[PDB]
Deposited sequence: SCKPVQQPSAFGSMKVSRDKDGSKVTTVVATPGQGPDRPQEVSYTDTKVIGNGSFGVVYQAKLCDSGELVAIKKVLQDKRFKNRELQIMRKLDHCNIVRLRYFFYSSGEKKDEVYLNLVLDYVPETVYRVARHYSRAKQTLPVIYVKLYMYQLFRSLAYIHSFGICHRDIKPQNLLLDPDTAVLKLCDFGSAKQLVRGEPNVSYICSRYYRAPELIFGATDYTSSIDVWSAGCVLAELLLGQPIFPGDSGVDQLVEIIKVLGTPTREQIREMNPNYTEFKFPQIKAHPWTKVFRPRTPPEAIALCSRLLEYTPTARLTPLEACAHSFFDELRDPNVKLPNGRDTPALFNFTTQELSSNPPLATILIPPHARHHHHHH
């Protein structure tokens, strides 16, 4: 029973807060406009009558043919690099129910920012590459500590407040808690960002597919375009092979045992320093090569990636944004974020951040 009255047009719903026990409260908003639309549903921007704050309302159709875990997954998430779920409510495809997700509004994405630099024929300054990638890895370290795999990491899903340079991970419609022993769907993740084991049709993959996707984002930011484009899986695997070289049998086995006995032509690897421009920082290349690995267990964990030498500049007390402001909060790690590897705290929390 959505009451819609006038003040400016006001919409009133009884919505359930994202955290804690379900205690629904009346929420009023105004100034509704579509900021996005697709076959999944509608996305609106609105203004909360009470606080005046801007929010996004992601309206998604309750598709009973597929597993809908998005709500249940977002409700347990609370992190500075993951978009906050403020409230949710249901509403009325006649005779069908829609889920409404009220999130913090974040004005930009990594994709849109990167596209500015591409059509300007400029490279994204390394400092932003460090900042955006670091925060991505933090959010991954967080969701992976719960056993949650995003399964759709890509620039369009990385929200940015470019004033504060804060990155927030969004879109958990593909996310799932992976359980060793229970099969998963292989046709997941978006084109350009699909890990090789997924292309080979593995159903037993792990959270390390998110790390591969992140490696593709990193490479994209350095390159100015996707590193592994292609319409189909074979198209993409060819691009991958053209960079990494043909995977060995042991590597093929780590991805998908069912392909171990085919004789693939042996293509030589293209050295990473030749893949990127000659101005590219060595440690970015090093980090990227440790993310884009055939063998899923050989890839860095998100927490290990944060500790990589590429992000050393961010651990400098004197570091500052090009606009003049300070960097976001980068060192406020919880025991949960560090649960995968507690001794990494020595590196991740610099001395000046201890105080």
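Of the deposited sequence, the ranges 1-12, 20-22, 108-109, 373-377 have no C-alpha coordinates according to the record.
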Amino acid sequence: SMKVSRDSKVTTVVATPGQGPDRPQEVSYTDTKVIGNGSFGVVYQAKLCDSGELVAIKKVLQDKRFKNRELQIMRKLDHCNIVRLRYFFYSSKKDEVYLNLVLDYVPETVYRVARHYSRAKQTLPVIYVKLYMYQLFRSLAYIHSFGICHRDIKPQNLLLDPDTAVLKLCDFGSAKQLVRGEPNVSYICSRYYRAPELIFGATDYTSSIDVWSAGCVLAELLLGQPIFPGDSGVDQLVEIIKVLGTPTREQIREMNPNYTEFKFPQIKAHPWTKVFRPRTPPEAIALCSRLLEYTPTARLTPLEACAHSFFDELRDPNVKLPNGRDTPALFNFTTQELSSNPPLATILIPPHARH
From here on, numbers count along this sequence of modelled residues.
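Higher mean CA temperature factor, per the PDB entry, when comparing 215-223 with 255-263: 255-263.
Relative to its counterpart among 151-159 and 68-76, 68-76 has the higher mean temperature factor, C-alpha atoms as listed in the PDB entry. Of the candidates 56, 292, 305, 49, the deposited coordinates give 49 the top C-alpha B factor.
Compared with the other modelled residues of the chain, the Cα B-factor recorded for residue 187 ranks in the highest third. Ranked within its chain, residue 271 lands in the middle third, by CA B factor from the PDB record. Per the deposited record, the Cα B-factor of residue 180 falls in the highest third when ranked against the other modelled residues of its chain. Residue-level temperature factors show residue 285 in the middle third of its chain, judged at the C-alpha atom. Residue 277: CA B factor in the highest third of modelled residues in this chain (values from the PDB entry).
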